[PDB]
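Enquirer: Fold the stuff below for me.
(3 chains)
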Amino acid sequence: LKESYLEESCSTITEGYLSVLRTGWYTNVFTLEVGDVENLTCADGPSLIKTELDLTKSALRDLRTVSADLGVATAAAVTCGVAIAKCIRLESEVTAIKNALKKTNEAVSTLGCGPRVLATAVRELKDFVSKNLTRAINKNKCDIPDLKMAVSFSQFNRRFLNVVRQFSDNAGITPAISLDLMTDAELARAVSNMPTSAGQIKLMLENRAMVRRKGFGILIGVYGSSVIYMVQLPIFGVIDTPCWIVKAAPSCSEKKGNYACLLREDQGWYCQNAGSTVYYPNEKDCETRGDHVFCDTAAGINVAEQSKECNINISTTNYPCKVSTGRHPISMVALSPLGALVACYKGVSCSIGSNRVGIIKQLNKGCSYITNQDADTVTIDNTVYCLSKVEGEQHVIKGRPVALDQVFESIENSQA
Amino acid sequence: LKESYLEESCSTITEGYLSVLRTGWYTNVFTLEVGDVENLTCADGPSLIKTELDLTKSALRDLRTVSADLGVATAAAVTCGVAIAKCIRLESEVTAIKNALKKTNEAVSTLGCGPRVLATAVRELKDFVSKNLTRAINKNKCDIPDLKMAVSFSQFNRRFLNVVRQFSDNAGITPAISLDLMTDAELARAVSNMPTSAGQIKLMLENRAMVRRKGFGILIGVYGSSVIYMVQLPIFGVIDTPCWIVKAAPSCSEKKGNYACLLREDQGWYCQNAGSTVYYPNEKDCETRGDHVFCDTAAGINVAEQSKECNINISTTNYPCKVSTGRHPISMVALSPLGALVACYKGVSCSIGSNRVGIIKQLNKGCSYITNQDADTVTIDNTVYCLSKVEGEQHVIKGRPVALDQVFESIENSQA
Amino acid sequence: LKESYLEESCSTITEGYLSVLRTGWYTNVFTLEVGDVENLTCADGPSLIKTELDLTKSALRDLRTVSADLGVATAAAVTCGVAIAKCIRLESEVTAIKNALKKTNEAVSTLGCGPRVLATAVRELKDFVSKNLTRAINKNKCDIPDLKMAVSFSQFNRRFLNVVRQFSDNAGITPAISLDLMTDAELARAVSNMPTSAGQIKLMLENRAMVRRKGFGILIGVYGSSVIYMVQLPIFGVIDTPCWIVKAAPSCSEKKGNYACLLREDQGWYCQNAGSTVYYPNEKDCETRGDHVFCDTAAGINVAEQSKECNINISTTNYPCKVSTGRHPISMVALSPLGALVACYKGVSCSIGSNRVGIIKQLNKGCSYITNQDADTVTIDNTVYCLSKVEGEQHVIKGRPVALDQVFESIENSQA
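Expert: Numbers count the residues shown, from 1 in each chain, chains lettered A, B, ... in the order given. Now the structure:
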């Protein structure tokens, strides 16, 4: 909640973060009973209930014609998911978990390889198909005067049909959990049943939309009158360790109308997990929510603890800070948590504006750091960048503005 | 509508374009009245209307469990969008705009920070919930013999449920405007109310599907019986300035079975806006529609006016034309507006075919330029490239085929 | 089904593949009859059937307000698709194919430019609109006591409305075929009608979900009471030629706490088609299904047959094997078909685990090759990588671990 501007490097650092680290996967297997619906037929000619039965059977048979045979964390995670659809048909665990879920609509159970996985039953469609609807469909009569029967049917199989749309349209693995895959109460029962300490399950529950976004779904298959799928939910088994984030902007010097520029390439996320610092170089591997930060940890890299020497004595530091270099001039804005680093050079015009006072001042050629208490908006030409009004303490560390040590090594080698 | 082939560089230039430049964002805030639907309950056991009420209340409460806390133009644009959802709950402007939209279903109004934003009301669901439906749900009786009441209910809340699907499934920010977020008449009222000159609003209206594609949606929140969302629509405030587009293909020379190749890296879009030339290096930042070109301008870079010297005297030119170089042979086709540059080298076979005459001739090893009046199709091996039949005048500029001046500087440095 | 581990290069090769090569596009044009539905109006005030008619007419008119004007294979393919929507409105082939599909609901016919394209009719909505429904809507009376009429209407136009959602939401070109664009029976009739030999159509039919994923849809337009769209289905006209796939992992050597590392950059897919070897460098250009491999061939590059000399004598080989080089240490796992190459260096811990025995052993610093019969899982720190249990024969080829010859050329040039 305390941000430091490195005057010496035209850069920012943002501190004060709590990890929410994805360390594992929780499997919520759902079983949707459709019922013995294949052995029902409408022979009283064309009918609305007949059209719904033919639609239901066509979507079900279309799902029975379905068969299977990236940033790093997700690929290791998918290898997990495949492992669980496999061990499922294994030893017909179906038969086992089937016996286990007749008894109840929600239960915990160790799978052949599964370490006590979650099983949730949704049987409304079979009971309706079996009880109310199948008695009205005995004797092959569907143009019944009971129009109520047709409307209950299209409403109750709607969840299954959209479920079929969601599985047929995405070739078996949705990237997240829709409210039709798992409602919120079922989502909450599954999130609540995860194996971690109290603060982690409670915190994951709060922001359960992130559990939705970071999880995904796998088709297991159709067996008779049973619909089977599984949802992989990220277990954020690690919370409240230090994280901090690093931003940087181009440092350019001009002599005689010509430019020499350099830029730090160590932007992105850093976290202190298990005695090492993990770098999440891409934005998408981590995600902020207020003061808490959600990261998939398998997406990070163990880097040496050496990054604080990149702030204190960056030229003279022992680990070589990686940088790139350039020969022709640029201009841009890298927005920061409590401001913006604005590199505004000849050829562009930059300004800061206020939602209360209007444009305050055009901003200077060179590297400038602007605070989000200072301005409400920044503009470069016609590109508009507005800014947040979030509060916290900011600080300036005075100093004059391939591995960077390979740039010093390249210059130093060419002159002797 | 006049294309020039640069024989001297194996390259094309396409001229004759009218800008449609995204210069701003128009905010269309929608208010969907759901009604006082929470205080209705069905106590006459399980029912179709009860299931619809429980579904409606579950989707609404699921949306009440929703909370928040890339090519450059879009990120600056999102900072806008966040600014507007913030200033909305501010000073409960809700209460203000609420007072303002009771009076009418469509109106203009300055927001606390909003410079006269658009407000659109859609109240059908509350009035139905309140008038026809709530009187039939008094006294907690839902298995009524009026089946008409249940069908009007599922049809009228369908817009809200798909609206809920669209907001719950995308974690609050859709990338575009579906016909369920904003119908065409509401889309047209909002596009029509934008702040620019007549030719721009009329032209944006024509191709309003691009306004759909370039805009996006933000969830604001649920308050009581009111549903609130906002749609950011791009204001293409700039039209009919010169744009032109540059394509290039590999120029390869062979000696003794060995290749030396070079390629211009200045492909992409160029526009003359406000005294500078803006380069849109990625295709997606600009989009053609006939003779008009749609660009998001915040996606471009002010480059010096020096690019025409890259055509006249490219080796000797003063700004250094950026190029890359290579040592091992390749082969490819870069399709152009009125043809194709085909670099066809040893190892591949290339041909042009006609939909009328069939294969005309196999095309030559080397760099060839083919016109879309010349052929209907071009093939390299089994990769098929067909071509358009669009008309306009083509011209050949005769000439023998890191910054390119850094390639001349590198060769020139190594021999003395 | 026989995998070779190159001990000499810390690398894997997987052999035993059957091509399923996308060599062409099959066009399935669908014609959906909506009926003369515009000339029907409901004047008996507000009604459910009236709301459905107004919705249907609003979605239809919204689709009448729709107008148009990447990894390489797809872009050449889209130029195909555009060619076919063009030649369609040409010579009003509509009128021709219209005459041709009155006679039947499915037929083959050469288009003006089309080489005998497929036409499929779906007319249920017009016949219902015309026969049962239009007689009940004569005399402008929609609040009829027949509630059955309203439910048949919303069910029958549902396919058209979701069809409209799918076309309005994606700006006219879906990336694949939903079950609502083409049901499985229509999908099967179209796949079955493709121009190739028996083994190819039969095999494509098996895994028709890949035909779905690799095809896409194009809006042609609305004319009166006729809905028109086309689906481009990939014709995998080539099957059962040799393919093989190459993986590699970093080879690192340490001296005095310092690292020198190199890595082969020739990972990806290789196929023997038409006398040349085609390289599919990106995963997405090819896709495995068991022992068969699905590739879009226009996505590949003709490379010289020289790659087997990259295995036998890679340092001394004549074509220069492309490699990159590095100066600072890394650590990672590249999973393989029958195992994993695990480069585990100082700073990380790696292990293999078993679903039966538990963690077997922590894995060694250095380059290790682990078989999927050997372990069920591998872990680096907290990043979990599990593994498959697929069977086949593995083999080790003993040997001590820019173009690679440019790395030998760079070292060799700097010392003399």
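Enquirer: can you pull the buried residues of stretch A:121-133?
Expert: Under the neighbour-count criterion of 16 or more other Cβ atoms under 10 Å in any protein chain shown, stretch A:121-133 has A:121-123, A:125-126, A:128-130, A:132-133 buried. In short, each C-beta sits where N, CA and C put it, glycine included.
Enquirer: closest to chain C among these?
Expert: Taking Cβ to the nearest Cβ as the measure, chain C lies nearest residue A:133 of the buried residues of stretch A:121-133, at 16.0 Å.
Enquirer: Phi and psi next, for the nearest residue to residue A:403 once chain neighbours are set aside.
Expert: Closest residue to residue A:403 apart from its sequence neighbours, by Cβ to Cβ, 6 or more residues apart in numbering or on different chains: residue A:320 at 3.3 Å. Per-residue torsions, residue A:320: phi -70, psi 110 (degrees, to the nearest 10).
Enquirer: circling back to that earlier point, show me the buried residues of stretch A:121-133 that map onto strands.
Expert: Judged by DSSP state E, the buried residues of stretch A:121-133 include A:121-122 as members of strands.
Enquirer: Could you dump the buried residues of stretch A:121-133 into TSV with distance to residue C:375 added?
Expert: Listed next are the buried residues of stretch A:121-133 as TSV, based on distance: Cβ to Cβ, whole Å:
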residue	distance to residue C:375
A:121	35
A:122	36
A:123	39
A:125	41
A:126	41
A:128	47
A:129	45
A:130	46
A:132	52
A:133	50
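Enquirer: check contacts around the residue of chain A found nearest chain C.
Expert: Using Cβ to the nearest Cβ, the single residue of chain A nearest to chain C is residue A:298, 3.8 Å away. Residues in contact with residue A:298 (Cβ atoms under 8 Å, 6 or more residues apart in numbering or on different chains) are A:22, A:72-73, A:76-77, C:382-384.
Enquirer: So it belongs to a helix, correct?
Expert: Yes: checked against DSSP: H, G, I helix; E, B strand; the rest coil, residue A:298 lies within a helix.
Enquirer: Now do residue A:59 against residue B:156, distance only.
Expert: Per Cβ to Cβ, to the nearest Å, residue A:59 is found 26 Å from residue B:156.
Enquirer: the more surrounded of these two?
Expert: residue A:59 (22 against 19; other Cβ atoms under 10 Å in any protein chain shown).
Enquirer: in which helix or strand would I find the more buried one?
Expert: Using DSSP states H and E, residue A:59 falls within helix A:48-64.
Enquirer: gap between the helix or strand that that helix is followed by and the chain center?
Expert: Scanning forward in sequence from helix A:48-64 by DSSP H and E, the next helix or strand is helix A:73-89. Centre-to-centre, helix A:73-89 and its host chain are 18 Å apart (Cα atoms, centre = their mean, to the nearest Å).
Enquirer: List the contacts of the helix or strand just after helix A:73-89.
Expert: Downstream of helix A:73-89, the next assigned helix or strand under DSSP H and E is helix A:93-102. Residues outside helix A:93-102 that contact it (Cβ under 8 Å, 6+ apart): A:29, A:31, A:87-88, A:107, A:109, A:111-112, A:114, A:119, A:121, A:223, A:226, A:228.
Enquirer: which among those residues end up buried?
Expert: A:29, A:31, A:87-88, A:109, A:111, A:114, A:119, A:121, A:226, A:228.
Enquirer: Confirm that residue A:259 lies within a strand, as I assumed.
Expert: Yes: using three-state DSSP, the assignment for residue A:259 is a strand.
Enquirer: Okay, it and residue A:253: tell me how far apart.
Expert: Residue A:259 is 7 Å from residue A:253, by Cβ to Cβ.
Enquirer: Have a look at the two and say which one is more surrounded.
Expert: A direct count of neighbours by other Cβ under 10 Å for residue A:259 and residue A:253 places residue A:259 higher, at 17 against 12.
Enquirer: so what's the more buried one up against?
Expert: A:252-253, A:326-329, A:345.
Enquirer: So residue A:160, which state does it fall into?
Expert: Applying three-state DSSP: residue A:160 is helix.
Enquirer: Go ahead and confirm it touches residue A:34.
Expert: Yes: using Cβ atoms under 8 Å, residue A:160 is in contact with residue A:34, at 6.4 Å.
Enquirer: Find residues that contact each of those two.
Expert: With Cβ under 8 Å, 6+ apart as the test, residue A:160 and residue A:34 both reach A:56, A:60, A:125, A:227.
Enquirer: Could you tell me which residues of the stretch 1-150 of chain A lie near chain B?
Expert: A:147-148 (Cβ under 8 Å from any Cβ of the partner chain).
Enquirer: which residues does the residue of the stretch 1-150 of chain A found nearest chain B contact?
Expert: Ranked by Cβ to the nearest Cβ, the top residue of the stretch 1-150 of chain A for proximity to chain B is residue A:147, at 5.8 Å. Listed by Cβ under 8 Å, 6+ apart, the contact partners of residue A:147 are A:48, B:147, C:147-148, C:151.
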